[PDB]
Amino acid sequence: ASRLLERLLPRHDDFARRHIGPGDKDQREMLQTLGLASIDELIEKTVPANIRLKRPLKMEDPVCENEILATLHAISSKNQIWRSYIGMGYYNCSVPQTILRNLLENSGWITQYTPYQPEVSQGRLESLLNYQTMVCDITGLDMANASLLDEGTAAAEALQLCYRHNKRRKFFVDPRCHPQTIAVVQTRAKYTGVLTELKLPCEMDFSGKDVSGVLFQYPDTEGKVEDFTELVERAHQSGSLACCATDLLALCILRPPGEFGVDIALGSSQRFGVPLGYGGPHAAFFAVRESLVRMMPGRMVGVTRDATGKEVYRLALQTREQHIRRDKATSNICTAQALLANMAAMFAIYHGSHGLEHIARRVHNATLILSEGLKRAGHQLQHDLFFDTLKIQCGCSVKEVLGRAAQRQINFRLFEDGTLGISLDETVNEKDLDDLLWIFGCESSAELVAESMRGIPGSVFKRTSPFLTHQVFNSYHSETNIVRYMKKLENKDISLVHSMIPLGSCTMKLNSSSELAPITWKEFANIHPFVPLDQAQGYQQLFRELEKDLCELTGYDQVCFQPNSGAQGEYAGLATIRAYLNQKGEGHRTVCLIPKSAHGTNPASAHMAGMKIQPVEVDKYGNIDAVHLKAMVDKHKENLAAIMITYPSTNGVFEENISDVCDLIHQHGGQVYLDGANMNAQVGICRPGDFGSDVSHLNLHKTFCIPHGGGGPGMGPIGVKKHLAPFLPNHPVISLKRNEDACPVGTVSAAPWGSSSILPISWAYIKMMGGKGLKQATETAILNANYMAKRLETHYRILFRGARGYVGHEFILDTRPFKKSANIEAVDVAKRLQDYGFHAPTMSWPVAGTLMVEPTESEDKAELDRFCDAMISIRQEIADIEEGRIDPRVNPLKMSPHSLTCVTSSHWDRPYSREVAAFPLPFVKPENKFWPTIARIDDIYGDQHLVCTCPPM
Amino acid sequence: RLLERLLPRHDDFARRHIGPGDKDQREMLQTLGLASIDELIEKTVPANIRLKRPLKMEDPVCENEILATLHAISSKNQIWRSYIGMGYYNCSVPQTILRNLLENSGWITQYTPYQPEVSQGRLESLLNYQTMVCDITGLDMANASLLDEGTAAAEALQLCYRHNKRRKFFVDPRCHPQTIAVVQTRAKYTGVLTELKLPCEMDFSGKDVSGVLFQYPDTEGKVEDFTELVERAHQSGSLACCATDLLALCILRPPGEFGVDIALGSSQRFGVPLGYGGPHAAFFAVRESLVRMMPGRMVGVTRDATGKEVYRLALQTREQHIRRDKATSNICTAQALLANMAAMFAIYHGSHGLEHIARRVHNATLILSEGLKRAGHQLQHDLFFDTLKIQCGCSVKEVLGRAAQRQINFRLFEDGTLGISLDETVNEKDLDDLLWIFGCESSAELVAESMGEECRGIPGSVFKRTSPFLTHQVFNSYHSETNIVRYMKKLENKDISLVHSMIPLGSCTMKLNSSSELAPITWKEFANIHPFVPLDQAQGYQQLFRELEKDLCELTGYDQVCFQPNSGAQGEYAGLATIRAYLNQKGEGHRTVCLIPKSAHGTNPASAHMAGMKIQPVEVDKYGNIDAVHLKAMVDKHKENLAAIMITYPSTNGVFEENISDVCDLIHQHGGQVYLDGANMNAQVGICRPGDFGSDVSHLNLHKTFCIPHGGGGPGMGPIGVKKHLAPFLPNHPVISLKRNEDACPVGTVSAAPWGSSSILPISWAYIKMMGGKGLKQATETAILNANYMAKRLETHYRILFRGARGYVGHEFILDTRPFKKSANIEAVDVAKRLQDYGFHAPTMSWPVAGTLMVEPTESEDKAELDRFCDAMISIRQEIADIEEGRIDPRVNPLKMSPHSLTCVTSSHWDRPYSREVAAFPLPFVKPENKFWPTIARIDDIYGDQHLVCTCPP
Ligand SMILES: *Cc1c(COP(=O)(O)O)cnc(C)c1O
Ligand SMILES: *Cc1c(COP(=O)(O)O)cnc(C)c1O
């Protein structure tokens, strides 16, 4: 049926042939191993027939890789790049190009994920410790985490920390916090059951001993620098905590919150060398007094020892987190903003305290110059003491001032009272000042104004305390040195430039160069999130196009991009369900059914949304126990708000009758939340919206190629059926309302579409793959997983399988029997795989003591075979212990991993060879050998001796 | 101004570029017993040749504004769809290669693979390039690149002359015009007569023809059978040389199959940008019997000390550094990085993907051809690959008016006909635009429907390729993007580079290649313009050239700069030829003698021989300087026939000669010109200028002094600065005119494109504009401080062989390791290989003095890095003392067994009289967290040349 022209002149290229690892030969052979005739036969035996697509996906024709950038350029060039002095928590900065090139555009930094396996992850661990040390020094507090999602959510996390600490149900918020910060904190308080009150400090009475805490901002949203010493003292006298939203650059010359008694300091690290990104991604900082550290949200690097006593790094106090404590965790947060936290650390490293003081003083002096010129021109300043931000009452018409600003393509903040906000930044020079003085009608140039001339350095607020004195911040100031340091850290970390990372539940697929390119384009990276929308029409088209495609892949009617992680998606989705229920008079319904196999984020998100959790048992075959499910639905039927399911299941298995589960919940007045992290087994074959699901988050950093970033950034957009659409998140600066009926749940992220600048990656994957390619990717993810399971099944027990004996995109290897037969633990197998050149699969979840393996469609048959052969050879090592051929205390498994220092030493006292230690199979060669940089990590020691800043060098 | 007090400069790029800060500099000065930098300079650079006033440059540009400043220039270029052809064809550069190789400092900061055991990655990749070229051309051995197509064609002519010594050479006039011009220029100064003849007008029967050059497909697009022409040449003892196209050869029977002796061309369309001329790797392949006359580098397979199969540069005595004026060419820096880009293209696509692209391009051309004929236009040739020659059936004016409307360029032939060359980028939409431009009233869909699926063009002809290519596993393994990224990383990790440690290569200037400088070279406004566009499309490039020329004029004291020469050696050749054209026009053409000190770089005598000069060596005295006695005697001897001298300042041993103006005056008084080799300008910039002390012309190495990346062996740029008396004789180009006057009397054309590799010039523009006059001076000052500091630290452990009058060196110095041969049976090579174990690429070896090391740190490395290198050398001196004094076996010790591979240090078997720790971590700064492994044991230099294998073994 093809046109004659298509036969003579086919498509230049098919991106799917690059993205998908196995070719025709690989696929036939894998099918042969499975005893199957075709891919359709595998799918027919795996995915239940009654939930499969009735017609293929309706998508646009695929775009050739050689045209994707020009196609996307026709969109991005519709944005306008103005000079934005809007402020409001986003300030332009000068991103060092050497960090941009050697870290952000380096696949050796961005393809790895959360540092789960410390011995092959010491590089990013050290860098995040640098971030923590930077934040503690600048804020003046004791401990800081390894990033939050953004400023407003960090402020919300402070509120929740205060509630956890003292259980009081009142919380004060200064109305001079940024508007988006207020909205996120109010939304978080609403569903947690805390009452917020908007009050200026002089209206705050703590004397009832009923206030959990207070949030204020320094400098505040109007630019003012205030002394909060007395306010903090009052709070404390009545048992309340004090929380300060602040600015790392301002704090380079301002006495910091730690020095006026603050308990929690938080803000964005964006202006420390990360692009505006039309909202993100940016690492928020969050730091506390030492006495609050047990309640810290998120990850936090700590110092510990390895098996030799060497000082080394590891994620610390991990029982705080969702994966151990579930609904009792300190937060739902999982993917955070790791890569961007590391960008901001490297900024601070490259500049040192001296270079950061230089920038800060320059910015403040530009602001002081601007202020003097505006006063001389007859305009009034509302505050005399500021860092970078002025609040101006125009001495003439505001209209005529703004007409002049438009002529020079400059944006100010327009306050509702008719006054103007101007926030200067690192990028501001003489020419920009002269433009600004002209906008305000001032005859005199910046040079002239300077001549007749203070601020922070002449005030009682000037900083007198040191910061960034550790050698890491005083060593890498030449470009040659910084490049060498970034490389040293990269090379410590195994990543997708080395080998498959078959992390179950993570989807470690290809992050392609063509998809990645656009994120550093100026038309995407350099737009302030709150510009007038006629400057961001390119972003508007991007959002429309990506929404429509995501709607078609999922069977949903509307997508909301605000949630900036999967867990944020779960929280937003659950809150939207509750707002739906509330509006329709069913607000008494708060019970959420959660199978015990759910990801830990699920119960943590449900708790954060104010729901009551009812666990549902899983049966011996791995499926939701239907007896217990029916009993829990009957028990809670009057108060049932929702169920959280995952399809296919978190063990990789397709449930046989998932529509029946959806129908049972619907019949009892609940909504169905479907966790979309496993959509790599669905795309182009079935759709959660077709079988009864009402809302799902998607993980664009798993299924849709956003890079894993060493732990972030992510995007967790939610798709909803149209009955939920009126209740989707809104934003107080940029309105997201589409319909007449709108009744928004609130605001869940600081920026209206979250981390907007990374969405082109997923748009690009989708547009290049098309309908056929997207289907083929899922088909191959399933083929690759089943092929590995088949190869391993006579050596390890494949724990759970579907009705006809097939898995989905991942499977569990049950290593538990080896505990009794050989004193071997799953951790021994994980560490030993490092010696075979592999980052371990997912460990001990959903089943403790086992491994969950997800290869993805991006890895080829030869790579799958290397991994299977490694496992087979490890099975034989275990058999050597089982059968008494090697010492059960000192053998390769128990001594793994084998560091370079171990295998190169003069000593050697092992009952096995160096060759067996370090090159256990012939594919592990000196030419490709990746070294674990340390011996086995000590998980206990670090938590007993807590050290979460850079130790002395 | 008080504005600057309140509002200082955002940043100073010099503080990033220059490694040592204030504390480092004070301490280094203290070690030298000096009070300031001015005191060091005052004691080093002779007072009478120093700048009379400071450099007049623009105010320095902050690093945070350099890209926006450059964008205001680059955006003046217009990016049209160019179907001009003429040896440059747009292609779809794989973004993954672009990101993970071209924009990867682990690929681009290293230089020529002199130290094989820490360079096996790029060596393997270049072997891949060679294998790709041999398979596609059908010839036996290929080199590891040439500079461009026209210079490769010139090298073929010179190879033919070397082979049979005949003074006649035939050139088909259907070769590309720029190729013809480079070949004619080369021949003119070599003394060979070229004759422009069609095959039917070529008579070889006199047995006086060196060889013949023809092109397949030719510049008009035609595919011709040259079987009979090659046979005729051979019957009379002549060679046959074929300029060709690697993409065409994926479906055309290749030159190896029709008896051709040398095949050559550009690899540009195998995934490298147009670059407004470059950089691009040329290919050059020959019959096995001609390999001893091969120009350039060539990778070979050999063994290491354990018998393992490994890679090294082969047959090295052919090259300038060993054979000097007797070498097979002057070429030194080539196009390594770009050769490796084209190999990775071929790897990523395989033969199946290359056939797909080739067939697609040919079918698009077949479709275009059918539409144009149906519209009443005439085609001159019915058998072609991608290129049509069209006689318009209507007015050419109206055709071109429509083409301008769609921003499309054609080639305009002198005869009023039009050339159209399609390429990988061409799709249905572009065909429909083209058909509309030609008035067709049809579409590409419609045209395809009336053709059917009949076999036409190349596949329906006796020319269809039937021989296989790229059957080795390397071309059939890395087709997923995941696999290609992993392969590029594997190779990258084998190679020590500036992402690891200082590479203190004397005469190489291994300074910082900054991210801000590098960014612009992949901007579309620079990368994606065809070199021969109408000039109103390249006004941005014109301003770039003007600005960089003016700054280079001011740094050197010259009056005009020419950017055509695309390496330092090309600069030397162009500069020498310009001198001769000057002398010829003034009635002094009898003067051909060129005085060359014996300490000159090997390129100097090779370039002089290439320019047709007679070479007279000049001796060096016991202090390292030009021997004054012998110089005066050689000037006296040759005074009637003296054309030039080639000097280097400071000298190639790092020493400032005390009276360099006197040398310039002596040559001038006897009717000669002064050529000054500019490779050591990093000891001059902002302190002194070769033009102020009597030099008439210099090449500059932008890839040494001015931050173009070393690229594993290329690319380079070697622009020449000249005094105004030489300016009328500068190179021209036959497609794009470089004449500034009616007075012009050009030497000829030395490179294929008018300004050479234009797209990499922004790097040097950027360095200069960010540094300013003060920063540039500080860089030079610090290059000299760092070199003197290291010499001072090492002088009680090693003899510093040569120094200036007051005891100071310039930017580099020589360590005399020769006495260790008698005292310990230690060779300079032992010290080089042992340094690898300490985490360092060796310095420059055995040049200018055999058996010694020459060390150049540059200003970009800080005191701590210099100290690690000095401490490594001190610890090595102690290892030698252990041998001298009988404390360790003199045959089996760390020096003799170096380098120590991972396989060596990790093995079950040891049995050396020293530890693994001493082997692999000899000092505490060498740690497991930063340990770079030599990938192989010491390489056997003899074995590989005795068992020549220059393609991938099975
Ligand atoms: C990763 C994951 C999530 C949560 O995503 P984050 O972006 O990490 O917050 C939820 N459920 C499952 C099953 C996952 O694998
Ligand atoms: C590098 C160098 C050259 C030649 O420059 P290329 O760009 O390699 O051709 C000439 N002379 C000296 C002294 C050099 O260091």
Side-chain angles (χ1 to χ4, degrees), chain A residues 21 111-121 323 334 493-496 498-509 597 599-600 622 648-653 677-678 680-681 699 702 708 711 781-782 784-793 795-801 807-818 824-860 863-875 877-878 893 896-897 920-921 930 932 937, chain B residues 482:
Chain A
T111 60
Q112 56 266 59
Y113 195 32
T114 312
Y116 295 134
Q117 295 298 318
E119 306 88 358
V120 292
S121 312
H323 69 280
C334 186
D493 288 7
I494 199 168
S495 73
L496 296 182
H498 303 115
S499 57
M500 174 181 57
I501 303 176
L503 284 170
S505 208
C506 299
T507 316
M508 292 304 272
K509 61 163 72 183
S597 58
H599 202 244
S649 300
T650 61
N651 62 9
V653 179
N678 286 345
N680 213 42
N699 291 93
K702 301 173 181 185
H708 284 81
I782 290 158
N784 285 355
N786 279 282
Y787 170 77
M788 296 183 78
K790 184 55 164 188
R791 286 212 52 205
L792 295 177
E793 73 190 5
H795 299 94
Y796 294 91
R797 155 150 194 229
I798 306 297
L799 195 54
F800 300 125
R801 302 175 186 266
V807 303
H809 64 312
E810 64 187 356
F811 58 91
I812 304 178
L813 294 168
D814 190 357
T815 37
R816 295 170 299 179
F818 305 128
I824 287 297
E825 309 269 12
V827 66
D828 296 318
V829 173
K831 298 322 185 189
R832 184 62 175 150
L833 277 163
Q834 296 178 14
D835 296 332
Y836 284 82
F838 287 108
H839 185 299
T842 287
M843 300 302 298
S844 284
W845 177 83
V847 179
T850 68
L851 306 190
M852 183 162 74
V853 175
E854 177 182 7
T856 83
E857 76 279 8
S858 296
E859 303 288 346
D860 68 10
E863 186 71 14
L864 306 182
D865 287 334
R866 283 187 288 279
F867 189 90
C868 293
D869 293 351
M871 297 296 300
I872 288 161
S873 174
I874 287 168
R875 182 66 188 85
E877 283 174 27
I878 291 164
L893 277 150
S896 64
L921 285 171
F930 187 96
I937 204 87
Chain B
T482 294

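Below, chain A is the first sequence line, B the second, and so on; all start at residue 1.
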Of all the heavy-atom pairs spanning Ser896(A) and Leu893(A), show the shortest one and how long it is. OG-O, 2.8 Å

Is any side-chain heavy atom of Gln834(A) less than 4.5 Å from a side-chain heavy atom of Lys831(A)? yes

Counting C-beta onward and ignoring hydrogens, is there a side-chain heavy-atom pair between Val829(A) and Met871(A) closer than 4.5 Å? yes

Do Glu793(A) and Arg801(A) sit within salt-bridge range, that is, some charged N less than 4.0 Å from a carboxylate O? yes

For a quick test of reading the model, state the closest non-hydrogen atom pair linking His795(A) to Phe818(A) and the distance between them. O-CZ, 4.3 Å

What are the two closest non-hydrogen atoms of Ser873(A) and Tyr836(A), and how far apart are they? OG-OH, 2.8 Å

Would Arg832(A) and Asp835(A) pass as an ion pair if we require N to O under 4.0 Å? yes

Taking the side chain as everything from C-beta on, heavy atoms only, tell me whether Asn678(A) gets closer than 4.5 Å to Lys702(A). no

Sub-4.5 Å side-chain heavy-atom contact between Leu496(A) and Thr482(B): no

pair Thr856(A)-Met500(A): side-chain heavy atoms closer than 4.5 Å: no

Could you please spell out the steps behind the side chain to side chain contact (heavy atoms under 4.5 Å, CB included) verdict for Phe867(A) and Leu833(A)? CA-CA 9 Å; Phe867(A) 189 90; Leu833(A) 277 163; 4.0 Å; yes

Tell me, do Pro855(A) and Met788(A) make a side-chain contact under 4.5 Å, heavy atoms counted? yes

Interatomic distance, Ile874(A) atom CD1 to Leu921(A) atom CG [nearest 0.5 angstrom]: 9.0 Å

May I have the step-by-step check of side chain to side chain contact (heavy atoms under 4.5 Å, CB included) for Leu864(A) and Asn784(A), ending in yes or no? CA-CA 8 Å; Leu864(A) 306 182; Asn784(A) 285 355; 3.6 Å; yes

Could you pull out the closest heavy-atom pair between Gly837(A) and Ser499(A), with the gap in Å? O-OG, 2.7 Å

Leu813(A) versus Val853(A), closest heavy-atom pair with distance: CD1-CG2, 4.0 Å

Could you pull out all donor-acceptor pairs under 3.5 Å where a side-chain atom in residues 839-849 of chain A meets a protein atom, sequence neighbours excluded?
{"unit_1": "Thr842(A)", "atom_1": "OG1", "unit_2": "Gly504(A)", "atom_2": "N", "d": "3.1"}
{"unit_1": "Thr842(A)", "atom_1": "OG1", "unit_2": "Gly504(A)", "atom_2": "O", "d": "2.5"}
{"unit_1": "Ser844(A)", "atom_1": "OG", "unit_2": "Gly849(A)", "atom_2": "N", "d": "2.9"}

Note, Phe930(A) side chain near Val120(A) side chain (heavy atom, < 4.5 Å): yes

Ignoring hydrogens, what is the shortest heavy-atom contact between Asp493(A) and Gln112(A)? Give both atom names and the distance. CB-NE2, 3.7 Å

Pairing donors with acceptors under 3.5 angstrom, does anything connect the side chains of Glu857(A) and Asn680(A)? yes

Starting at SG of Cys334(A), measure out to NE2 of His323(A) and round the result to the nearest 0.5 Å. 8.5 Å

State, yes or no, whether a side-chain contact exists between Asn786(A) and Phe811(A) at a heavy-atom distance under 4.5 Å. no

Between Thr507(A) and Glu854(A), is a side chain to side chain donor-acceptor pair (under 3.5 Å) present by the stated rule, with each step listed? CA-CA 7 Å; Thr507(A) 316; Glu854(A) 177 182 7; 2.7 Å; yes

